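Examining the three-dimensional arrangement
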Amino acid sequence: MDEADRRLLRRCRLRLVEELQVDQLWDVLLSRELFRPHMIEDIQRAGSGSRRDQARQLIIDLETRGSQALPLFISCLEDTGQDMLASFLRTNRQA
Amino acid sequence: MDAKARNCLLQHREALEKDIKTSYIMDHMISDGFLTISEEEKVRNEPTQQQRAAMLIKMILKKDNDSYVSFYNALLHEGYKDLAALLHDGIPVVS
Amino acid sequence: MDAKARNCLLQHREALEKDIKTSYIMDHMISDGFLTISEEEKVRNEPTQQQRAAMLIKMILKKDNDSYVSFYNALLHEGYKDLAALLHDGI
Amino acid sequence: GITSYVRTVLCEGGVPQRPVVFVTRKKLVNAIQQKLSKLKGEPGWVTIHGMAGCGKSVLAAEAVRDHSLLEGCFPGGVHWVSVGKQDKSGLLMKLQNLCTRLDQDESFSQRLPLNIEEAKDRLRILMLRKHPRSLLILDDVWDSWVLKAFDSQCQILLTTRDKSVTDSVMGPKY
Amino acid sequence: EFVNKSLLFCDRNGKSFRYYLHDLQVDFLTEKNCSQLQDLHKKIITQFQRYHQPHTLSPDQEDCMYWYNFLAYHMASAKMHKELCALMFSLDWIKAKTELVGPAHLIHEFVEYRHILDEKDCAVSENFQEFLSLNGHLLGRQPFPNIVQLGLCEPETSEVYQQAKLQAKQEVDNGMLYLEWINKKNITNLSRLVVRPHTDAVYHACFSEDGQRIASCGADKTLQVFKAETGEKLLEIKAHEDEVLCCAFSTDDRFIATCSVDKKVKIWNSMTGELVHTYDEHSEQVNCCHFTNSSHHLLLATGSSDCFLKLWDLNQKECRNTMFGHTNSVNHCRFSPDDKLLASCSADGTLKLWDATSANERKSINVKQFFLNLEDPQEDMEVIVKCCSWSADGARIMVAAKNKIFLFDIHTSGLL
Ligand SMILES: Nc1ncnc2c1ncn2[C@H]1C[C@H](O)[C@@H](COP(=O)(O)OP(=O)(O)OP(=O)(O)O)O1
Ligand SMILES: [Mg+2]
């Protein structure tokens, strides 16, 4: 992941952890080979296991999953009906 | 390991250090018999993900052809497509 | 610049001098910021294009790695495909 | 398999060609080379040692003999210096000679330093700008002030008999 | 500082440090320091005298083990023979040395010892070696039986005898109830040497082809390899799977085959002691193993309880030729001097001179030559040959069974 994408993920930290729905997201992430299944189990157990803690670990770990991790992640957002969040992300990448 | 392999690691070291989540690599390498428990404990003792990756690579640079392959395979197997691609041309002949 | 770079230049500096036209190449290198106006006039002032090429190459040899790539890109961009090919080896 | 190019860089460097009757020491060469790879950037010294006649030089020549480690790693050429054993006066000349060798262009003053440190400056500056990625190899070396002289902050690897020699120096040592 | 000068290699074994040199480094020293060396050694001994006396030596001290062995060594260079008498002769010094060193090093020292001192003493050394002959067999165990009492058994007189009687007299007034023995000159035909390699029963032993050393196994199944002369441990083997059945040296003594109940034909190296070759094929426990007598061909003939011979090709992991032939379990196995041939023996008693080159039968003498017209209901007696003895040329096969030795001529397939 390039520095600009990483920086984007940090800038949007608050919004991501506040709004990301994860339970519905795992299938999408798998389909696009963003994470291996055990990686997902680890993220699921991050911290207290709340939605927020899972979300946070997801987006941190996301930075390590490749050059195209960010656009692929936006797509998974789209695929799971999180258009608003995906929209917030995209309009930054472009910005 | 062969100089080709080692130089390939050296060239891409920074990318590797930034992305590798060692807990998903060291296991494979231990199973394969090319990383020791004490090396793994030395890795684990580093406080951050990138520091652990850095330590692990330090260790691997000193190992043999088989080890490089073990590393590469684990990378590929754990979905680090881009990272494996960087290491592909540096794969040494083994056995 | 790198050893292989400097040597690749030397290895083919003759074929280069016998074919390349400096003005277009210097326009590129000036734009890239790897050639100065003074350097450019010293090269242009040479009596024959072989000496201009020779002077340019003489100068590039004492330059950094980026200048080797600037000269290589210029050659390609200017149609000196075969000569750029010969320099591909250098970096 | 030596590349034709490797020989061209090596000739400029001046390392001796390996004796016709030689036998690779793959493990050892590999170790030095992988380690040698280690100081990817920033100063650094490597010491190699053995009781007399252990293949110490040939390995140094052999390690760099290969294309892979040298070419990708070392855009700067390799320079070999045969230090030997020296009184203070003798040491001085080697420095000037390295000065003349490194400055092929001659852009730098034709006049040569009469002071060791000034030569140290010419080396550091030349290594810093003229040959950015260069590696220097030394032969023998029997006393510390010697490496004190060569201590340019630019990687130099000394191969020897005493391992005490590189104690004056600063920076990572392997 | 030396180690840095690379003139003396380091040894970081635990807290302890042992420094040592290359053979080249040592040789240079004698080359450049030889005149001094004879002089100095005297220098070391006197210093040791300023400290510990040899009786004042102790088991706990780290240096001491060096001290006995190289203590003995230095005095020799010193060229001081009276001092050498002051040390090596001392029987108590022998006692302590025996105690942790074992009774081989002293014998090795003695051979060196003989040149160093005097011919007349040499006899004293001859008397002591004779005193050692009785030492090897039971001496090491543990209950180091009061030698002072078991010593008074030698004949003639010698330095040992003279020493022993006086010691006994000294013991006697105090007590200790020693019993004098009055018949020695009338009894005991002494053997030159005795060895106990194993607390566990021996099963086989073999000479080195060079004759310099011997290997014996045992019930424990460990095999111990030794050089007989100086009679000092020269090899320790950790284990053999199962109980050892027999073992044997390679013709150039570069290998040691080891037969076993497990069926692990473990051909360990004879020098490094590390395993090299290994084989298995037998349906039953191996009866015998042997390397080819030929320097060229490398084969491993092996009898076993399954009756099948196994002619291994030592250059290959699998057998060169299985050889059914014996109607009974193999009793013994040896390569013929003609490597093309391969003789074998078994309980049926008939010799079997196999043609190894064709991997097929060639000759097989019947053995009913032990004729015996008894009232036994069985017809002609079923001879059961054991040892497969060879003529010195090996052109004919000596054997023995029941009540008679035989010398069969396998090349003519007839009795002689
Ligand atoms: N393949 C080989 N590797 C090493 N040495 C070889 C080989 N073939 C032949 N030799 C012999 C010939 C050379 O004289 C010698 C190599 O010299 P070298 O190892 O450089 O000694 P050295 O330079 O360490 O000695 P000094 O410590 O005196 O400088 O070893
Ligand atoms: Mg040398």
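Residues numbered from 1 in each chain as written, not as in the entry; some residues may be left out. Chains lettered and ligands numbered in written order. Part of a larger assembly, values for the part shown. Heavy atoms only, no water. Residues with missing side-chain atoms left out of burial classes, pairs and counts.

As recorded in the PDB header, cryo-EM is the method behind this entry, and the stated resolution is 4.4 Å.

1. Examining the sheet that holds strand β4 (residues 232-236) of chain E
Backbone hydrogen bonds are what pair the strands of a sheet, in a parallel or an antiparallel way. Residues and elements named next belong to chain E. Here four strands make up an open sheet; going across it, the order is β1-β2-β3-β4 and the pairing antiparallel. Of all strands in the sheet, those bounded by a partner on one side alone are β1 (205-207) and β4. Taken over all neighbouring pairs, the strand axes of this sheet differ in orientation by 25° on average, direction set aside. Sheet topology places strand β3 (residues 224-227) next to β4; four bridges connect them, and they run antiparallel. The partner of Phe226 across the bridge, within β4, is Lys233. (Pairing = 2+ DSSP bridges. Helix = DSSP H or I, 4+ residues; strand = E, 2+ residues; numbered from the N terminus. Axes fitted to C-alpha atoms, helices over the stretch in contact; angles between N-to-C directions.)

2. Quick notes on the sheet that holds strand β16 (residues 360-363) of chain E
Residues and elements named next belong to chain E. Taking strand neighbours across the sheet as the criterion, the four strands line up as β13-β14-β15-β16 in an open arrangement whose pairing is antiparallel. Whereas interior strands pair on both sides, the edge strands pair on one side only; in this sheet they are β13 (330-333) and β16. Direction aside, neighbouring strands of the sheet carry axes that sit 40° apart on average.

3. Quick notes on the pattern of salt bridges
On inspection of all chains with the given rule, the structure shows 30 salt bridges over all chains. Of the charged contacts in the structure, one is a salt bridge between A:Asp79 and A:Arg32, with a shortest N-O distance of 2.3 Å. In this pair, A:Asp79 is assigned in helix α6 (residues 69-79) and A:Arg32 in the loop between α3 (26-31) and α4 (37-44), connecting sequence segments 47 residues apart. Residues joined in a network through salt bridges with shared partners are A:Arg6, A:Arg10, A:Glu63 and B:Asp19. (Salt bridge = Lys/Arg side-chain N within 4 Å of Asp/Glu carboxyl O.)

4. Considerations on the layout of surface pockets
All names here are of chain E. Counted as a void, the second largest pocket has a volume near 1000 Å³. As for the second largest pocket, its lining consists of 22 residues, of which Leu21, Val26, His41, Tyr66 and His74 are closest to the centre. Counting only elements with at least two residues in the lining of the second largest pocket, the list comes to α1 (23-50) and α2 (64-78). Looking at the lining of the second largest pocket element by element, the count peaks at 10 residues for α1. Looking at the lining of the second largest pocket residue by residue, the classes come out as 14 nonpolar, six polar and two charged. (1 Å grid on protein atoms, 1.4 Å probe; cavity = no way out; pocket = protein on both sides within 12 Å on 5 of 7 lines; lining within 4 Å. Points joined across faces, edges and corners; volume = space filled by probe spheres on them. Nonpolar A, V, L, I, M, F, W, Y, C, P; charged D, E, K, R; others polar.)

5. Regarding the site of ligand 1
Residue and element names in this part refer to chain D. For ligand 1, the full set of nearby residues is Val21, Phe22, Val23, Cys54, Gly55, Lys56, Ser57, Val58, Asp140 and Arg161. Within the contact set of ligand 1, an oxygen atom lies 2.6 Å away from a side-chain nitrogen or oxygen of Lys56. In the model, an oxygen atom of ligand 1 is placed 2.8 Å from a nitrogen or oxygen of the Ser57 side chain. If ligand 1 stood free it would expose 620 Å²; the protein chains cover 64% of that surface. Looking at the shell around ligand 1 residue by residue, the class counts come to five nonpolar, two polar and three charged. (Near = heavy atom within 4 Å. Polar contact = N/O pair within 3.5 Å; in protein donor to acceptor, adjacent residues only side chain to side chain. Areas by Shrake-Rupley, 256 points an atom, 1.4 Å probe, with all protein chains shown as cover.)

6. Thoughts on the interface of chain D and chain C
Taken residue by residue, the interface counts 10 residues in chain D and six residues in chain C. The junction of chain D with chain C conceals about 780 Å² of combined surface from both sides, 43% of it contributed by carbon and sulfur atoms. At the junction of chain D and chain C, the tally comes to two salt bridges. Between C:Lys62 and D:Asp105 there is a salt bridge, with the nearest N and O atoms lying 3.7 Å from each other. For the pair chain D and chain C, the interface holds four residue pairs in polar contact. The set of elements that each furnish at least two residues to the side of chain D that touches chain C consists of α1 (4-13) and α4 (67-73) of chain D. (Contact = heavy atoms within 4.5 Å. Buried area = accessible area lost by both parts, 1.4 Å probe.)

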